[PDB]
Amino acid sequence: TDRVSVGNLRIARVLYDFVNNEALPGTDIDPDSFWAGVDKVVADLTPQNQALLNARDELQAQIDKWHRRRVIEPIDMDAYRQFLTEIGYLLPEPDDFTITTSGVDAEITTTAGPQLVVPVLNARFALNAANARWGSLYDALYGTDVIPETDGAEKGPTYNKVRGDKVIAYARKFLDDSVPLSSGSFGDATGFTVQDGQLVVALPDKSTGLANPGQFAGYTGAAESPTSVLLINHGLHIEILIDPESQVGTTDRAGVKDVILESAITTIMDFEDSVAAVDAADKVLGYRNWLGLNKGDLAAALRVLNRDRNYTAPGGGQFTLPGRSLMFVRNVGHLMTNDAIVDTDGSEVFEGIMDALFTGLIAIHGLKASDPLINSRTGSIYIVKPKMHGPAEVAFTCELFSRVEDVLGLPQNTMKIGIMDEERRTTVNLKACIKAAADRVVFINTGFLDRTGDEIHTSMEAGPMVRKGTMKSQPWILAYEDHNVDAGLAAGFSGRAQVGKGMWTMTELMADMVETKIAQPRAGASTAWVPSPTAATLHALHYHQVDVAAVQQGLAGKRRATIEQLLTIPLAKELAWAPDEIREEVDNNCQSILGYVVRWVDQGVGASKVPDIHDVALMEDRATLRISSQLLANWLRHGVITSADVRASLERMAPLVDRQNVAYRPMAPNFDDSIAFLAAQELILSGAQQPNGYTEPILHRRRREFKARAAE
């Protein structure tokens, strides 16, 4: 066996070597002390970790039984709520309080702006995401449907000037809206100069300054002929690039070459739902990438991390702005184990415990010079903790982090928690969950996809649920979204911690994103999730339009969701659907499941663009898979569809997925010989039996089975 013995643990050699040779050097942590710490923390905290998981199963069995023993379809909310209280699912609300988290960076306490999530196992994507702090607005507008590809404005093989002119006009209007001139429009500017520390914009018949001269932040080049002008609005930077001899600048009335937006203020380097990592080799790939990000030397072929950006202040001094997104890391949650470490009985170790130890250790490098800059200037390590159920699971995460800090010799509370509000028992106890982490929390975020999965599984026995698309507008979810903001603001998050909302998954419908996703900062969210650097630049537009700090101030003290609203189960109404609509929903979910799972199981890819039944491209990860598999399981459970409908849909959609895919193993024609097809089937047929509907147990087993079959 290729394992290293440390106490009761048997550590995969690839992981042991990676930690000793790559992670530990430079931290001043004694290797033997670290490994003894791993063993001690795992032994001490595994029992409570297991108890928490058993409590989930006990609560869910009681809720199942509660539904089974009643008849009346209109659920009596008074009794339901008394029941949830009796069994300890719904806990007393704590007294009001203010969070005390300290040592947090400005990107989190103060700046409102986009938050990018990226799979850590893809070093190229991760580098691009870290560099997405700054992004070209011209590129985002030209390359996406935000500028419609109408007649004459189509994207071609070469530059379309009619399209570029539309891009230019769009950005001039954004400038007018965001940094207004004293008089006139940026669209009429002929030049920019800096005079007596002020920005002067030349117009045809006159010159003008900014209506708010304080929005001038700096420039580059000579004041009388700058190469760029730097502005600020709602704490976010805008940079106008001036180059009349550039391809675009030549066509521009002021020689403007591009408008650069400060875009992804923070990035979540993801070990959880957007990656597939089922053994020590997979975990080491991700840990090594996370290490290179924190040491600053990650290079994918050479694509490297950006340096900071140098500016001249309006008066004339020199200053710098960060060139990189401030990085969080998303650890896995409390459920899964991984055989990267096993004990003497051969039992796998809890993966959340391991991630805290190893991503925590690695993150120390991001607090020190990067053989120049840091991740956190204020000395914090930022860990998103997903899939927690209630305040006791938050407290466990706090204790885990406390024990890791002791092993790493870090100050207590160095390891901060971004709390995902993406499970129903956390939603209805959210205030207590924040209080459990009052000195560590740096955000709450409505992970609405996982939250929809948990909604379905929790009430699985109540009846058939509405269609998957209907879920986004159901009463429970709108109350959940408002209740999250209310709790955060009441705990003092404004100016202290992020209030975050969920991911835009329609990666090619950028005009729709720009039109619709403005709802999130309008709701007082200081950040929200985007899937790409391009989407981060476009979503930044919303934070120039919306004054999030003012919105949050106006929401102060409001209580816009009741517990009854939060508990409103999304049961479908009598005779809700025609047979053709039931068919479409089954086909849509099966296509979503199969297109995600085949690349998960065959290629270890945890996030994939999968076209839906309407050929809209959806960026899918485990949470959307949790929704689809749970919904089909719920429809099968209640007689909406038959097992033949499921099988026929899977078999119907599989050749289309095979078509859409290319080191690729086709699933058709011999479906039951395809590990990936069988995984997709098992996720549906066993969905009702998975703990809280989680997909990892089946995905992990099937991916390991595929890896094993591939090695013979």
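Residues carry their position along the shown sequence, with the first being 1. Here, rigid core means the biggest group of C-alpha atoms that superpose within 1.5 Å across both forms.
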(message) Between 111-119 and 575-583, which one shows the bigger average Cα displacement from this form in 7 other deposited structures of this protein once the rigid core is aligned?
(response) 575-583
(request) Between 610-618 and 392-400, report the one with more C-alpha displacement in 7 other deposited structures of this protein relative to this form after a rigid core superposition. (result) 610-618
(request) Decide, for the other PDB entries of this protein that were compared, whether residue 302 is missing from at least a third of their models. (result) yes
(message) Does the comparison with other PDB entries of this protein show residue 236 lacking coordinates in a third or more of them, where both adjacent residues are built?
(response) no
(message) Please classify the unmodelled stretch of the deposited sequence between residue 661 and residue 662: none, 1 to 3, 4 to 9, or 10 or more residues.
(response) 1 to 3
(request) Note how many residues of the deposited chain are left out of the model between residue 371 and residue 372; the options are none, 1 to 3, 4 to 9, and 10 or more. (result) 1 to 3
(message) Highest mean C-alpha temperature factor of the two stretches 592-600 and 416-424, which is it?
(response) 592-600
(message) Please compare 560-568 with 151-159 and name the stretch with the higher mean C-alpha B-factor in the deposited structure.
(response) 151-159
(request) Sort 393, 96, 621, 454 by C-alpha B-factor from the entry and give me just the highest. (result) 96
(request) Identify, among 270, 308, 512, 107, the residue whose C-alpha carries the highest B-factor in the deposited PDB entry. (result) 308
(message) How does the C-alpha B factor of residue 690 compare with the rest of the chain: lowest, middle or highest third?
(response) middle
(request) Going by the recorded CA B-factors, say which third of the chain residue 49 sits in, lowest, middle or highest. (result) lowest
(message) Lowest, middle or highest third: which one holds residue 172 when the chain's residues are ordered by CA B-factor from the entry?
(response) lowest
(request) Would you please rank residue 516 by its C-alpha temperature factor against the other modelled residues of its chain and give the third it falls in: lowest, middle or highest? (result) middle
(message) Using only modelled residues of the chain, where does the Cα B factor of residue 209 rank: lowest third, middle third or highest third?
(response) highest
